[PDB]
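Undergrad:
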Amino acid sequence: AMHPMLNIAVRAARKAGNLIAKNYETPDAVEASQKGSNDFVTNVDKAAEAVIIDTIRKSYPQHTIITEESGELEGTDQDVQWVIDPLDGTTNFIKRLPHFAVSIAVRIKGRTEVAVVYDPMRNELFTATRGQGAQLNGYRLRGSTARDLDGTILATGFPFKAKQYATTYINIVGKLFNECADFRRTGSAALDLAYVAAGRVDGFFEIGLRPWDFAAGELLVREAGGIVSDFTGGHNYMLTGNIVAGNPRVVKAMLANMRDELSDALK
Amino acid sequence: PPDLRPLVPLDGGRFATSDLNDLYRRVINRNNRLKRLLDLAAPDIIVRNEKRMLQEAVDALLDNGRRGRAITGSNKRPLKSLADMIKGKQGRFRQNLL
Amino acid sequence: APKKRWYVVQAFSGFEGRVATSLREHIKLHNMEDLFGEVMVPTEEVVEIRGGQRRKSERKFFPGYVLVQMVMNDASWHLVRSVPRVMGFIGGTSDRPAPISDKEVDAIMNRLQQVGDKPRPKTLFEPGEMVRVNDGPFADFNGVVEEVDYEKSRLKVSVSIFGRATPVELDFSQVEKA
Amino acid sequence: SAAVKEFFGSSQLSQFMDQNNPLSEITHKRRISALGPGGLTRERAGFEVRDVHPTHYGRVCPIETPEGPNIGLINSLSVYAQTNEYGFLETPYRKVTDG
RNA sequence: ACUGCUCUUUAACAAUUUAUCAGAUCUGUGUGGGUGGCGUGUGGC
DNA sequence: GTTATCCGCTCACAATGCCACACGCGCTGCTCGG
DNA sequence: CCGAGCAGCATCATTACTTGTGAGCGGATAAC
Ligand SMILES: [Mg+2]
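Chains as they are written, first to last, in the working numbering: chain B, 1 to 267; chain L, 1001 to 1098; chain F, 2001 to 2178; chain Y, 3001 to 3099.
(1) By the 10 Å Cβ neighbour count, where 16 or more other Cβ atoms means buried, how is B:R11 classified, buried or exposed?
(2) To the nearest angstrom, how far is the alpha carbon of B:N18 from that of B:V106?
(3) Unbroken beta strand (DSSP E) runs of length 3 or more, entirely within the segment 3001–3078 of chain Y: which are they?
(4) Where Y:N3070 and L:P1009 are concerned, what is the direct C-alpha to C-alpha distance, given to the nearest angstrom?
(5) Could you tell me if B:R140 is buried or exposed, where buried requires 16 or more neighbouring beta carbons within 10 angstroms of its beta carbon?
(6) With hydrogens ignored, establish whether the beta-carbon of B:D119 is closer than 7 Å to any heavy atom of ligand 3.
(7) Looking only at its own chain, which residues have a Cβ that is under 7 Å from the Cβ of B:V51, when we skip the five neighbours before and after it?
(8) Which parts of the segment 2008–2081 of chain F are runs of the alpha helix (DSSP H), unbroken and 4 residues or longer, counting only runs that do not cross its ends?
(9) Establish whether the CB of B:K252 and some CB of chain F are separated by less than 8 Å.
(10) F:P2137: buried (16+ other C-beta within 10 angstroms of its C-beta) or exposed?
(11) Under 7 Å from any heavy atom of ligand 1, does the C-beta of B:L209 make it?
(12) For B:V106, which three-state DSSP category applies?
(13) Taking one C-beta from the segment 1064–1084 of chain L and one from the segment 1011–1029 of chain L each time, how about it: are there three or more such pairs within less than 8 Å?
(14) Suppose you measure from the CA of B:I104 to the CA of B:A115; what does that come to, to the nearest Å?
(15) Would you say F:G2017 reaches chain B, if we count a Cβ-Cβ gap shorter than 8 Å as a contact?
(16) Indicate the three-state DSSP secondary structure (helix, strand or coil) for B:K267 in the structure shown.
(17) Answer yes or no: do B:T232 and B:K267 have a C-beta to C-beta separation smaller than 8 Å?
(18) So B:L255 packs on B:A128, CB below 8 Å; how close in whole Å?
(19) Per DSSP, which residues does F:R2132 bridge with? Please list them.
(20) Do you know offhand how far F:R2024's Cα is from F:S2082's?
(21) Inspect the beta-carbon positions of B:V83 and B:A215 and report whether they are closer than 8 Å.
(22) For a contact defined as C-beta to C-beta under 9 Å, what are the partners of F:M2130 on chain B?
(23) Whose CA, out of B:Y195, B:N7, B:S188, B:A198, lies closest to the CA of B:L97?
(24) Rounded to the nearest angstrom, what separates B:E49 and F:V2041 at their Cα positions?
(25) Can we say the segment 144–156 of chain B touches the segment 194–204 of chain B, given the rule of at least three CB pairs closer than 8 Å?
(26) At a cut-off of 7 Å, is F:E2176 close to ligand 1 when judged by its beta-carbon and the heavy atoms of the ligand?
(27) With distance defined between alpha-carbon atoms, name the residue in B:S37, B:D39, B:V44, B:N38 nearest to B:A29.
(28) Please give the ranges of any alpha helix (DSSP H) in the segment 1001–1030 of chain L, keeping only runs that are unbroken, at least 4 residues long and fully inside the region.
(29) Could you tell me whether the Cβ atoms of F:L2035 and F:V2071 are closer together than 8 Å?
(30) State the DSSP-derived secondary structure class of F:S2160, mapped to helix, strand or coil.
(31) Take the Cβ of Y:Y3086 as the centre, count every other Cβ of all protein chains shown within 10 Å, and call the residue buried at 16 or more, exposed below.
(32) To the nearest angstrom, report how far apart F:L2079 and L:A1083 are at their CA atoms.
(33) Which chain B residues sit within Cβ distance under 8 Å of F:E2151?
(34) Taking C-beta pairs closer than 7 Å, name the residues in chain L that F:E2104 reaches, listed in chain order.
(35) With hydrogens ignored, establish whether the beta-carbon of B:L191 is closer than 7 Å to any heavy atom of ligand 1.
(36) Spell out a yes or no on whether the segment 3052–3061 of chain Y and the segment 3076–3086 of chain Y are touching, meaning 3 or more CB-CB pairs, one atom from each, closer than 8 Å.
Below, the structure written as structure tokens:
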């Protein structure tokens, strides 16, 4: 069989991805509409968001939904939350760079229950449900087999919206570059997390992430054999936007490596 | 894993129910029951006692030894704990490793 | 004016009914109805017409326990412990049990009103799960339940007819797994 | 039925006869043990009890005994011996009169 | 008997912004592939 | 009274290796099931 | 109706002479 909420979510994600892909071939219609410090929100984001919300309301007119745009639309049954990013890495889309994904996760009683991310360009569908695992178009996902820092590929995002910590981040970057093999910088935390679940990157870390972006990936990597944490092993990440994740041994090595360079602001 | 605690059958529908499977059945049964109670309005004393019973069951699974006995049915003898599969002259150490 | 509180005693795996019987019998034995108000074993009647179990099914609020309106005293205590098959007094320290709170009684009785009022078939359905159809018109087809209804009870279910998916109003009686 | 069949079928004492030799069979019927329910077990048997006690003479054989872990705990009844009306071991003697 | 008198010759468009001269593979059926765990007891050395 | 001292009691923890052979290893009124 | 499966059970007192040893703990016993 299959998990029901997962199924309705993947239907929503399919529709949204098809809409985004269809609009991707007319860059004269989607404009750059900035919201904060280089966080564009184009009209296509609004359209995809509305499509997803409509598709959901058919099957759950009572579930409270969360969205970076519409804040928090309450529902008559607010024990279960629907966190959405209709588009991740808006910048990668405006530059028409074909690497982005829509992310839909459903939390139950606070604990994340199901998650999906969908890249329409490569047509890849990372699904994950707790107690059953993670799948990539039908293949199980056990993350990277790395157990050190050598030969390891580290995906990351830069605090290009919280540039005050830049130095700090860059500091640690240098430290990391003394032990790892190579970096990756794609521009969509959801897809980076997904890659962590697929072992295509030996780990990942980031500073300054909104609570509505990792919610679709943290469960992905969790049911993908990997683990997440704050920059110190705690769990305040859900509030600090500071994530470090990967297969367990690599996470341990990274934490022991980063704990010193860390500026005590994030602690 | 399912392999290391196999359920080998017999000439008929008779299966050698290894103690591990039975202890796991007991503990998972307690867990399911307790969760179903937790969602169902949770009478306080009842959930308290059920938590105690579940603690006893997981205890027995990790070790049938302490705090009392959890002997099997139809055979007045204890069930093989996980620790049992390690200690003694029968545990993996003095039986298959060394 | 001795107010008999509400206590709970652990029954056994499959003994609860006859335990309650024997309890009332021993009450009558010692004629201590004044000390033993009522022995409560709440239950539930989930009703499905087919699918193996048919036309009814009997669940319980929670097994292994029995609820009594006893009054606290050592005499009553042994009167409940001098019965065929029970464990000790579920509660605080033994020989000094803990009566359950009145709020517990009120909530449990609201539960009983709710359950006995509406015969509610559990093993319910969730919008979004896939399921086949064992019915003549759509034998062994399979679609996804897009909406679950209880009173009408007619399973708004999207299934593939003439290419385009479409809702269907088939009743519970023909659903497959889940 | 369960109790009696469990005793006669699966008990530490019950065992299918050592039936390969008439002498083996006989000496296995009149066999005395100290193990089993109510009895001590060979691990904690104690080095003492296994010894022969001068009251054994004529009552229980001092020779026939399985060499191994259970020595003395598995004895064989003497030939002329007999069980008492209580469960003690009586031995026949000849009543010596004056001379 | 006792609410009920023409309104006037059939569906009524979405498509849209450099730009161009259009810009070899269609195979197999060679083949590995079609009762034990534990406990107890006995005896032996 | 304090403060530590030591002691009686309790509880955990060990029991040769092999072999060989033999024997045996849910149940029971709930659940289901037609 | 009645056979076949099944779900969680101290099934009261189910007791139980040592085995020998070590460690720890609650409580008697004595110094300041
Ligand atoms: Mg977003």
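All C-beta atoms in this analysis are idealised placements derived from N, C-alpha and C, irrespective of residue type, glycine included.
TA: Checking against the coordinates, here is how it stands:
(1) Locating residue 11 of chain B in the first sequence gives position 11, where the first residue counts as 1. That one is buried.
(2) If you number the first sequence from 1, residue 18 of chain B lands on position 18. If you number the first sequence from 1, residue 106 of chain B lands on position 106. Roughly 21 Å between the two C-alpha positions.
(3) Listed in chain order, they are 3031–3033, 3074–3076.
(4) Sequence index remark: in the fourth sequence, residue 3070 of chain Y carries index 70 (1-based). Sequence index remark: in the second sequence, residue 1009 of chain L carries index 9 (1-based). If I take the Cα positions, the gap works out to 36 Å.
(5) Counted from its first residue, the first sequence places residue 140 of chain B at position 140. B:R140 should be labelled exposed.
(6) Within the structure as shown, ligand 3 is missing, the only ligands being ligand 1.
(7) For the purposes of this step, residue 51 of chain B is identified with residue 51 of the first sequence, where counting begins at 1. Correct list, in chain order: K15, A16, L19.
(8) Runs found: 2016–2030, 2074–2081.
(9) Numbered from its first residue, the first sequence carries residue 252 of chain B at position 252. So, not an interface residue.
(10) Start at 1 with the first residue of the third sequence, and residue 2137 of chain F comes out as number 137. So F:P2137 counts as exposed.
(11) On the first sequence, position 209 is the one that residue 209 of chain B refers to. Checking the Cβ of B:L209 against ligand 1 gives no.
(12) For the purposes of this step, residue 106 of chain B is taken as residue 106 along the first sequence, with counting starting at 1. Secondary structure of B:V106 (DSSP, three-state): strand.
(13) A contact exists between the segment 1064–1084 of chain L and the segment 1011–1029 of chain L.
(14) Against the first sequence, residue 104 of chain B aligns to sequence position 104. Against the first sequence, residue 115 of chain B aligns to sequence position 115. Straight-line Cα distance between these residues: approximately 6 Å.
(15) Taking the first residue of the third sequence as 1, we reach residue 2017 of chain F at position 17. With respect to chain B, the C-beta atom of F:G2017 has no partner C-beta closer than 8 Å.
(16) The residue you call residue 267 of chain B lines up with position 267 of the first sequence. In the structure shown, B:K267 sits in coil (DSSP, three-state: anything other than H, G, I, E or B).
(17) To locate residue 232 of chain B, count along the first sequence from 1; it is residue 232. To locate residue 267 of chain B, count along the first sequence from 1; it is residue 267. Against a cut-off of 8 Å, the Cβ pair of B:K267 and B:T232 comes out as a contact.
(18) Stepping through the first sequence from its first residue, residue 255 of chain B is reached at position 255. Stepping through the first sequence from its first residue, residue 128 of chain B is reached at position 128. With 8 Å as the limit, B:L255 and B:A128 do not qualify as a contact, their Cβ atoms being about 23 Å apart.
(19) In the third sequence, residue 2132 of chain F corresponds to position 132, counting from 1. Per DSSP, the beta bridge partners of F:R2132 are F:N2142.
(20) If you number the third sequence from 1, residue 2024 of chain F lands on position 24. If you number the third sequence from 1, residue 2082 of chain F lands on position 82. Approximately 13 Å, taken between the alpha carbons.
(21) Your numbering for residue 83 of chain B matches position 83 in the first sequence. Your numbering for residue 215 of chain B matches position 215 in the first sequence. Yes, the pair counts as a contact, with Cβ atoms nearer than the cut-off.
(22) Position 130 of the third sequence, counted from the start, is the residue given in the question as residue 2130 of chain F. Result: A1, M2, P4, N7.
(23) Working through the first sequence from its first residue, we reach residue 97 of chain B at position 97. When only C-alpha atoms are compared, the closest one is B:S188.
(24) In the first sequence, counting from the first residue as 1, residue 49 of chain B sits at position 49. In the third sequence, counting from the first residue as 1, residue 2041 of chain F sits at position 41. Answer to the nearest angstrom: the Cα atoms are 51 Å apart.
(25) Touching, yes, given that three or more Cβ pairs across the two stretches are closer than 8 Å.
(26) Counted from its first residue, the third sequence places residue 2176 of chain F at position 176. Checking the Cβ of F:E2176 against ligand 1 gives no.
(27) In the first sequence, residue 29 of chain B corresponds to position 29, counting from 1. Among B:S37, B:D39, B:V44, B:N38, the Cα nearest to that of B:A29 is on B:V44.
(28) The segment 1001–1030 of chain L contains no whole alpha helix (DSSP H) run of 4 or more residues.
(29) Taking the first residue of the third sequence as position 1, residue 2035 of chain F is located at position 35. Taking the first residue of the third sequence as position 1, residue 2071 of chain F is located at position 71. Contact check for F:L2035 against F:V2071 passes: the beta carbons are separated by less than 8 Å.
(30) Translated into positions along the third sequence, residue 2160 of chain F becomes position 160. F:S2160 sits in a strand when the DSSP states are folded into three classes.
(31) Here residue 3086 of chain Y is taken as the residue at index 86 of the fourth sequence, counted from 1. The residue in question, Y:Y3086, is exposed, as its Cβ has fewer than 16 Cβ neighbours within 10 Å.
(32) Counting from 1 along the third sequence, the entry for residue 2079 of chain F is found at position 79. Counting from 1 along the second sequence, the entry for residue 1083 of chain L is found at position 83. The alpha-carbon atoms of F:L2079 and L:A1083 are separated by roughly 42 Å.
(33) Here the question's residue 2151 of chain F lines up with position 151 in the third sequence. Within 8 Å Cβ-Cβ: nothing; F:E2151 doesn't reach chain B, min ~17 Å.
(34) Looking up residue 2104 of chain F in the third sequence gives position 104. Listed along chain L are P1043, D1044, each with a C-beta nearer than 7 Å to that of F:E2104.
(35) Translated into positions along the first sequence, residue 191 of chain B becomes position 191. In this structure, B:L191 has its beta carbon at no less than 7 Å from each heavy atom of ligand 1.
(36) Yes, they touch.
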